[PDB]
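S.K.: Residue numbers (the entry's author numbering): 1 to 590.
Sending over a structure as structure tokens; questions will come in a sec.
This is the structure we're talking about:
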């Protein structure tokens, strides 16, 4: 029998006290006669999905709730229908962690959350608000002791501050998660990350702090506060640093919202012992006696059962973990969280380091997070042009600042190329024309010349919706289809021209003009029947001499001396008019 009827097989991980479970299973055999065998295979997170689909799994699983959402999406978990009396015996917020499609899919067993850990360096009135942390810093800075230190590289530790004023991963309602509503780049999230970066700017915290660096500083007494979970209590314990666990600080009067991970017990949909499994979990495991047996083998932290939680809350550390969990955000059980972790991790690092602004980092994060949420893949294939451009900014923040977008009067690479191509309207205007060809070729040429071929092909292909279009075809039904291949081909000739020793925009603009005159650049043309064909088009010698003369009198911005001197003197007027106004306050010679 793929799953033997008349006995229960339980799969739990090896770090959660698998021997206490079997003792509860012993009492089950004593009173019922149904054998309970507890096994702890490795790769249990990945073993069950394969065996369940073919129907060869275990009867019961113990694992975190975040993975169970994908299981039910594969139809591998049976619906849990508890009675009202038993359902009220467990904390209501724990049931919301095991709900998919509005239907209960598992039993909550335990709860885990991030919490604040302090030292006698500040034991008294530990900070209750995030806003007073910078003030206490100096106080200890004097004693030459840091104030707060927690890991900043991983978003799991930085999310509680970001989410407080309004921030989430995916919206939750009626037991369902909406993959199209993400909480990055909202007003509260921007405020939360801005406070984090402002602490770094004011040198209350260093952005390169690791998990190990934060752990070492607190264990050695060098920092008064750290943010971490119950897994690190053992290493701190050993260290005589006198540590207590309390509430996470409040931001803007609203509590921090750490991600909450609830240990859950599910039932295989292929198990013929569903009713026997429910009796074991409801009447034996999720009791004060049964949970104590598991608690003794491994501490199990805070517990969903209110009766045992109130007993376990006598330890202030466990009570604080439950309190932060109740104030926190249940980590979504949908598999689309893979998008959230990738986008948020890079955005937070870029903003904290200063390589990217908070608003731009979160905007690119939300753009990328929603994109990967669809297509269910961390792969970029088939994504939109906007998504890949945002992904490019997260991966290469500083370079994306230099490769800007068209802004009137800006001196970035993207706008300077437009100034070269649109000089005196010499080049033909419009999509699929001479001006567009010169822009793309010069734009790719300079990026290649200063950053490399692979950085240029990434940004060039990102701006195109389908960068893998067969370039052999030259006939297109729509001009938009034609212009896509025109840009792809003209990007290639630009990268070849740019793989040289570094030069300026002006001298690189001369190269594109030379090739445009003698070799030509791709341009769209409409034949009869409405179809569009593309071929390399040479430029008239006038156009060539007109632009070359102006290019030879210009800087690397695309402007002549007169055009630059107008702006420089205009800015001098603005700069010096303010100076004269300031000279009113302190009476000067002028």
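Think of the CB as a built atom: it goes at the ideal place given N, C-alpha and C, for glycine as much as any other residue.
What are the residues that DSSP puts in a beta bridge with residue 268?
M.R.: As a position in the chain shown, residue 268 is number 268, starting the count at 1. DSSP lists 77 as partners of residue 268.
S.K.: Helix, strand or coil, according to DSSP, for residue 153 in the structure here?
M.R.: Your numbering for residue 153 matches position 153 in the chain shown. In this structure, residue 153 counts as coil in the three-state DSSP scheme.
S.K.: Please list the terminal residues of the continuous beta strand (DSSP E) segment that includes residue 536.
M.R.: For this step, residue 536 is matched to residue 536 along the chain shown. Start and end: 532 to 537.
S.K.: Could you check the C-alpha separation between residue 3 and residue 291 for me, to the nearest Å?
M.R.: Translated into the one-based positions of the chain shown, residue 3 becomes position 3. Translated into the one-based positions of the chain shown, residue 291 becomes position 291. Residue 3 and residue 291: Cα-Cα distance of roughly 26 Å.
S.K.: Under the rule that 16 or more other beta-carbon atoms within 10 Å means buried, what is residue 533, buried or exposed?
M.R.: The sequence position of residue 533 within the chain shown is 533, counting from 1. Answer is exposed; the Cβ neighbour count stays below 16.
S.K.: With a threshold of 16 other CB atoms inside 10 Å of the CB of residue 439, please say whether the residue is buried or exposed.
M.R.: For the purposes of this step, residue 439 is taken as residue 439 along the chain shown, with counting starting at 1. Burial call: buried.
S.K.: Out of curiosity, what's the CA-to-CA distance linking residue 488 and residue 467?
M.R.: Locating residue 488 in the chain shown gives position 488, counting from the first residue. Locating residue 467 in the chain shown gives position 467, counting from the first residue. Going by the C-alpha atoms only, they are around 7 Å apart.
S.K.: With three or more beta-carbon pairs closer than 8 Å as the criterion, would you say the stretch 31 to 45 touches the stretch 296 to 312?
M.R.: Touching, no.
S.K.: What is the DSSP secondary structure of residue 295, reduced to helix, strand or coil?
M.R.: For the purposes of this step, residue 295 is taken as the residue at position 295 of the chain shown. Of the three classes helix, strand and coil, the one that applies to residue 295 here is helix, per DSSP.
S.K.: Starting from residue 20, trace the alpha helix (DSSP H) both ways and give me its first and last residue.
M.R.: To locate residue 20, count along the chain shown from 1; it is residue 20. It spans 18 to 32 - the alpha helix (DSSP H) in which residue 20 sits, taken as one unbroken run.
S.K.: For a test of the three-state rule: what should DSSP assign to residue 496, helix, strand or coil?
M.R.: Taking the first residue of the chain shown as position 1, residue 496 is located at position 496. Three-state DSSP puts residue 496 in a helix.
S.K.: Rank 539, 10, 145 and 428 by C-alpha distance to the C-alpha of residue 220 and give the top, closest one.
M.R.: Locating residue 220 in the chain shown gives position 220, where the first residue counts as 1. When only C-alpha atoms are compared, the closest one is 145.
S.K.: Pick from 157, 456, 462 and 339: whose alpha carbon is nearest that of residue 385?
M.R.: The count along the chain shown starts at 1 and reaches residue 385 at position 385. Out of 157, 456, 462 and 339, 462 has the C-alpha closest to the C-alpha of residue 385.
S.K.: Grab the span of the beta strand (DSSP E) containing residue 284 for me, first residue to last.
M.R.: Locating residue 284 in the chain shown gives position 284, where the first residue counts as 1. From DSSP, residue 284 is part of no beta strand (DSSP E); its letter is neither H nor E.
S.K.: Should residue 453 be listed as close to the ligand PLP, given that the test is whether its C-beta is under 7 Å from any heavy atom?
M.R.: Absence of the ligand PLP from the depicted structure is noted, as is the absence of any ligand whatsoever, leaving it without description.
S.K.: Looking only at its chain, what residues have a beta carbon closer than 8 Å to the beta carbon of residue 485, apart from the 5 residues adjacent to it on each side?
M.R.: Residue numbering aside, residue 485 sits at position 485 when the chain shown is read from its first letter. Closer than 8 Å at Cβ, skipping near neighbours: 469, 471, 473, 474, 476, 522 and 534.
S.K.: Can you name the start and end residues of the alpha helix (DSSP H) that residue 45 belongs to?
M.R.: To locate residue 45, count along the chain shown from 1; it is residue 45. Counting along the chain, the alpha helix (DSSP H) containing residue 45 begins and ends at 44 to 53.
S.K.: From the DSSP output, read off the bridge partner residues of residue 116.
M.R.: As a first step, residue 116 is located in the chain shown; it is residue number 116 there, counting from the start. In the DSSP output, where bridge partners are listed per residue, residue 116 has 227 and 246.
S.K.: Could you tell me the boundaries of the beta strand (DSSP E) in which residue 4 lies?
M.R.: The residue you call residue 4 lines up with position 4 of the chain shown. Where residue 4 is concerned, there is no enclosing beta strand (DSSP E), given that its DSSP letter is neither H nor E.
S.K.: To the nearest angstrom, how far is it from the Cα of residue 379 to the Cα of residue 275?
M.R.: Along the chain shown, read from residue 1 onward, the residue named residue 379 stands at position 379. Along the chain shown, read from residue 1 onward, the residue named residue 275 stands at position 275. Cα-Cα distance, rounded: 41 Å.
S.K.: With DSSP as the reference, please indicate the residues paired to residue 60 in a beta bridge.
M.R.: Against the chain shown, residue 60 aligns to sequence position 60. Residue 60 pairs with 10 and 267.
S.K.: In or out: residue 58 buried (at least 16 other Cβ within 10 Å) or exposed?
M.R.: As a working note, residue 58 is residue 58 in the chain shown. Per the 10 Å Cβ criterion, buried.
S.K.: Where does residue 83 sit, in a helix, a strand or coil, going by DSSP?
M.R.: As a position in the chain shown, residue 83 is number 83, starting the count at 1. Correct three-state label for residue 83: coil.
S.K.: Our contact map puts residue 567 next to residue 560 with C-beta atoms below 8 Å; I'd like the distance itself, whole angstroms only.
M.R.: By one-based count along the chain shown, residue 567 stands at place 567. By one-based count along the chain shown, residue 560 stands at place 560. That belief does not hold up - the Cβ atoms of residue 567 and residue 560 are roughly 11 Å apart, past 8 Å.
S.K.: So residue 430 packs on residue 414, CB below 8 Å; how close in whole Å?
M.R.: If you number the chain shown from 1, residue 430 lands on position 430. If you number the chain shown from 1, residue 414 lands on position 414. Going by Cβ atoms, the distance from residue 430 to residue 414 rounds to 19 Å, so no, they are not a contact pair.
S.K.: Just to confirm before moving on: does the CB-CB distance between residue 416 and residue 558 stay below 8 Å?
M.R.: Residue numbering aside, residue 416 sits at position 416 when the chain shown is read from its first letter. Residue numbering aside, residue 558 sits at position 558 when the chain shown is read from its first letter. Contact: yes.
S.K.: Taking only three categories from DSSP, how would you classify residue 303?
M.R.: Counting from 1 along the chain shown, the entry for residue 303 is found at position 303. Reduced to three states, the DSSP call for residue 303 is strand.
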